[PDB]
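Working notes for the structure below.
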Amino acid sequence: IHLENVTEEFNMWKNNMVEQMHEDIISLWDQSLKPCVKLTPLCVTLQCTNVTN
Amino acid sequence: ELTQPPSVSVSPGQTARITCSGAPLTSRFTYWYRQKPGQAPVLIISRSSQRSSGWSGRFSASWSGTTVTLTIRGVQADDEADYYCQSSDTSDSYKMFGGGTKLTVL
Amino acid sequence: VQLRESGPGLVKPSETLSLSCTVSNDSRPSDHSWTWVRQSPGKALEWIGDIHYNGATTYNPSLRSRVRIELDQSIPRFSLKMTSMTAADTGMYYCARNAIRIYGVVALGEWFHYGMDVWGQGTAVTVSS
Ligand SMILES: *[C@@H]1O[C@H](CO)[C@@H](O[C@@H]2O[C@H](CO)[C@@H](O[C@@H]3O[C@H](CO[C@H]4O[C@H](CO[C@H]5O[C@H](CO)[C@@H](O)[C@H](O)[C@@H]5O[C@H]5O[C@H](CO)[C@@H](O)[C@H](O)[C@@H]5O)[C@@H](O)[C@H](O[C@H]5O[C@H](CO)[C@@H](O)[C@H](O)[C@@H]5O)[C@@H]4O)[C@@H](O)[C@H](O[C@H]4O[C@H](CO)[C@@H](O)[C@H](O)[C@@H]4O[C@H]4O[C@H](CO)[C@@H](O)[C@H](O)[C@@H]4O[C@H]4O[C@H](CO)[C@@H](O)[C@H](O)[C@@H]4O)[C@@H]3O)[C@H](O)[C@H]2NC(C)=O)[C@H](O)[C@H]1NC(C)=O
Ligand SMILES: *[C@@H]1O[C@H](CO)[C@@H](O[C@@H]2O[C@H](CO)[C@@H](O[C@@H]3O[C@H](CO)[C@@H](O)[C@H](O[C@H]4O[C@H](CO)[C@@H](O)[C@H](O)[C@@H]4O[C@H]4O[C@H](CO)[C@@H](O)[C@H](O)[C@@H]4O[C@H]4O[C@H](CO)[C@@H](O)[C@H](O)[C@@H]4O)[C@@H]3O)[C@H](O)[C@H]2NC(C)=O)[C@H](O)[C@H]1NC(C)=O
Ligand SMILES: *[C@@H]1O[C@H](CO)[C@@H](O)[C@H](O)[C@H]1NC(C)=O
Ligand SMILES: *[C@@H]1O[C@H](CO)[C@@H](O)[C@H](O)[C@H]1NC(C)=O
């Protein structure tokens, strides 16, 4: 809804929209990480070599 | 550089093996050639992609330390020539040849 | 694929050297390497230098001060400029194609040398008087 002649100054560096958006996705992406496999028996004495050719 | 036997003697029918040694062969890839006297060299062992043993047809080659063995299966009397291993340096700056190895067929 | 060298036969000592190698019947002449390799009688082979069609050349560093390899691509014939001929350089000289196949980005070094498949005529380079 377009408005007529409202002198309003922004401040993109100081708002809580950025602060919440940073808080939302980290919590949301951690929420997808919950039901997956933990899978920490593999932290063992791994031994390797170069790929042979 | 590289290090080869000067000459290898074998009867026909057996398996002759030539050991190209040298300091750059710790890392880099080894070529092989054949040259008849009075004629041109002939590439005899080339390579495919890296994890593919190059190419295995009539000849083969293994690697152990700074030594590379040139396996010749089924020696007859027609392959009499002089043979050459070739590589480059690990720094990848210049290309050297082997000393030269004569095939001696009984 | 054909190839043929080009030579004068008899060269005096302390003069220069002008050789070339003409290539035909090559569907992709633009993506190989082109090299000179010489041979002394009863001796091993002796790499000289190489050229690629970008213009990048390398050389044998011991021979580098007297040699130069240049190139025409319209006629697929690359040249050879050796200076200061000595009698120890009397031998059998060769032009050769060193093939390269490609498994990806050329600018990232996803290529490898196939190997030197095609060898030249040979020329009795005689440095005498
Ligand atoms: C970002 O931008 C980048 C651009 O800057 C871009 O990089 C490009 O990436 C792609 C892939 O990532 C690169 O593509 C590769 O190209 C290779 C070279 O292809 C060219 O050369 C062939 C060869 O043609 C020769 O032969 C014919 C006759 O048949 C002649 O007419 C030719 O002129 C030429 O002849 C010369 O060579 C002869 C042989 O030595 C000489 O005797 C002769 O004198 C001649 O001088 C050309 O044919 C190509 O043109 C078209 O033709 C084919 C025909 O089928 C088309 O299929 C093809 O698509 C072309 O349109 C072209 O000019 C290819 O080798 C390479 O393909 C290999 O890999 C793929 C994937 O693995 C395979 O599917 C494919 O089959 C090939 O595998 C064979 O070869 C490799 C060798 O390493 C082996 O590993 C593999 O096992 C297989 O080997 C088998 O077959 C061999 C031969 O068949 C045999 O010898 C083996 O022993 C074995 O049996 C691939 O396509 C491209 O070059 C890059 N470009 C640059 C500039 O970097 C990048 O992608 C971009 N990235 C993004 C995200 O956009
Ligand atoms: C910021 O950007 C600027 C410009 O945008 C950069 O400056 C440029 O930097 C380039 C590399 O640092 C430099 O290119 C070189 O220039 C010389 C002379 O012009 C040229 O000879 C070089 O070509 C060699 O190097 C390239 C890449 O390494 C190879 O693809 C090329 O084939 C040449 O390498 C060959 O010779 C080497 C010699 O030691 C061998 O070691 C090497 O293996 C290779 O041999 C193979 O290729 C041959 C050709 O096929 C073949 O015969 C042989 O048998 C082997 O197969 C290279 O083009 C630019 O000159 C330079 N420009 C300016 C104006 O200075 C700058 O670096 C950037 N800044 C920073 C901080 O990086
Ligand atoms: C090279 O390695 C592959 C797999 O690593 C193997 O199948 C092949 O037998 C090997 N060839 C030689 C000659 O050692
Ligand atoms: C080029 O040589 C090939 C053999 O490598 C041959 O099959 C072909 O016919 C020749 N091309 C022409 C145009 O004669």
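Chains as they are written, first to last, in the authors' numbering: chain A, 84 to 136; chain L, 3 to 9, 11 to 95, 95A to 95B, 96 to 106, 106A; chain H, 2 to 35, 35A, 36 to 82, 82A to 82C, 83 to 100, 100A to 100M, 101 to 113. We put the CB at the ideal spot given by N, CA and C, even for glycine.
Buried/exposed call for residue i, threshold 16 Cβ in 10 Å
i	result
residue 50 of chain H	buried
residue 104 of chain H	buried
residue 86 of chain H	buried
residue 16 of chain H	exposed
residue 22 of chain H	buried
residue 102 of chain L	buried
residue 96 of chain L	buried
residue 90 of chain L	buried
residue 95 of chain H	buried
residue 33 of chain H	buried
residue 101 of chain A	exposed
Cross-chain neighbours of residue i in chain L, by beta carbon under 8 Å
i	result
residue 100K of chain H	49 and 50
residue 106 of chain H	42 and 43
Under the three-state DSSP convention, the category residue i falls into
i	result
residue 51 of chain L	coil
residue 112 of chain H	coil
residue 48 of chain H	strand
residue 19 of chain L	strand
residue 93 of chain L	coil
residue 44 of chain L	strand
residue 96 of chain H	strand
residue 20 of chain H	strand
residue 81 of chain L	coil
residue 132 of chain A	coil
residue 64 of chain L	strand
residue 101 of chain H	strand
9 Å Cβ cut-off: residues of chain A touching residue i
i	result
residue 54 of chain L	134, 135 and 136
Cβ shell of residue i (< 7 Å), same chain only, five flanking positions each side left out
i	result
residue 68 of chain H	81
6 Å Cβ shell around residue i - same chain, five flanking residues per side excluded
i	result
residue 40 of chain H	88
residue 73 of chain L	21 and 64
First through last residue of the beta strand (DSSP E) which encompasses residue i
i	result
residue 108 of chain A	Looking at the DSSP string, residue 108 of chain A is not in any beta strand (DSSP E); the run it does join, the alpha helix (DSSP H), is 99-115.
residue 30 of chain L	Where residue 30 of chain L is concerned, there is no enclosing beta strand (DSSP E), given that its DSSP letter is neither H nor E.
residue 59 of chain H	57-59
residue 12 of chain L	9-13
residue 73 of chain H	That residue, residue 73 of chain H, is in no beta strand (DSSP E); it is neither H nor E in DSSP.
residue 35 of chain H	34-39
residue 98 of chain L	96-98
residue 82B of chain H	Taken as a continuous stretch (DSSP letters only), residue 82B of chain H belongs to no beta strand (DSSP E), as it is neither H nor E.
residue 100E of chain H	From DSSP, residue 100E of chain H is part of no beta strand (DSSP E); its letter is neither H nor E.
residue 6 of chain H	3-7
residue 104 of chain L	102-106
Chain L contact residues for residue i, given Cβ-Cβ distances below 9 Å
i	result
residue 47 of chain H	89, 95B, 96, 97 and 98
residue 54 of chain H	By Cβ distance, chain L contributes nothing, its closest Cβ being about 17 Å from residue 54 of chain H, past 9 Å.
Under 7 Å by beta carbon: chain H residues contacting residue i
i	result
residue 34 of chain L	100L
residue 101 of chain L	44
residue 46 of chain L	100L, 100M and 101
Chain-order list of residues whose beta-carbon lies under 8 Å from that of residue i (same chain, five-residue window excluded)
i	result
residue 76 of chain L	18, 61, 62 and 63
residue 2 of chain H	24, 25, 26, 27, 94 and 102
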